[PDB]
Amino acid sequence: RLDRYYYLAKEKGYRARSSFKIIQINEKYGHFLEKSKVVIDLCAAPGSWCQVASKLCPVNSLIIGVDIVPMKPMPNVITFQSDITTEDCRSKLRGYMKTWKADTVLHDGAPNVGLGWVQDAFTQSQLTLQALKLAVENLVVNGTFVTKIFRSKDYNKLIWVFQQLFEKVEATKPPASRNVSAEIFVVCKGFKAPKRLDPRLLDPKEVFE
């Protein structure tokens, strides 16, 4: 909570304790950030995962962060304000991406407005599906997708959809997540980059019953 990771992150200049979650996931799952010349960070504010990517990615990497709340600028990182569930976000990201494909798409989204446990879990699951849809549109073949996901009655359905689009799909809970009961992280590796993509594979009405 206000624990060891909170204060280490402060002292190192990271904007949030959650910096350690992606550092630890990256260290266990093959240092994908060090291999990523283009990174999209979804639901990024205040921006500590963007800071991690800025530190670990090759120099001259393209790092793009998006959140509903404004983020303070970071050197050599692009940030903008949008709702990742919207066409607005879909269009702004495409302008920054130009002809590039992303090596890695990160997602650490969670609802801001509390609506009770059941609906907060569903909002988070909807966020995760939208983040996945953006990753499917932007990832290079064999790219990586890392997402926070809440434990809920829709977790299994999201995992299944992930397994249709990635060679390897693994749940993880790094040390900096140990005492955060709601959350698991899913590392998706080897984006299949299908020529034929099913609209239903990413349709919320089909995924969520």
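Counting begins at 1, following the sequence as shown.
- Per-stretch averaging of Cα B factors for 103-111 and 130-138 places 130-138 on top.
- Higher average CA B factor: 68-76, of the stretches 85-93 and 68-76.
- For the set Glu34, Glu170, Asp41, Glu167, the maximum C-alpha B-factor listed in the entry falls on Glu167.
- Per-chain ranking of the deposited C-alpha B factor places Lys148 in the lowest third.
- In the deposited entry, the Cα temperature factor of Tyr14 sits in the top third of values across the chain's modelled residues.
- Annotation for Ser54: C-alpha temperature factor in the highest third relative to the rest of the modelled chain, per the entry.
- Among the modelled residues of its chain, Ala45 has a C-alpha B-factor that falls in the lowest third, as given in the PDB entry.
- Annotation for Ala176: CA B-factor lies in the middle third of the chain's modelled residues.
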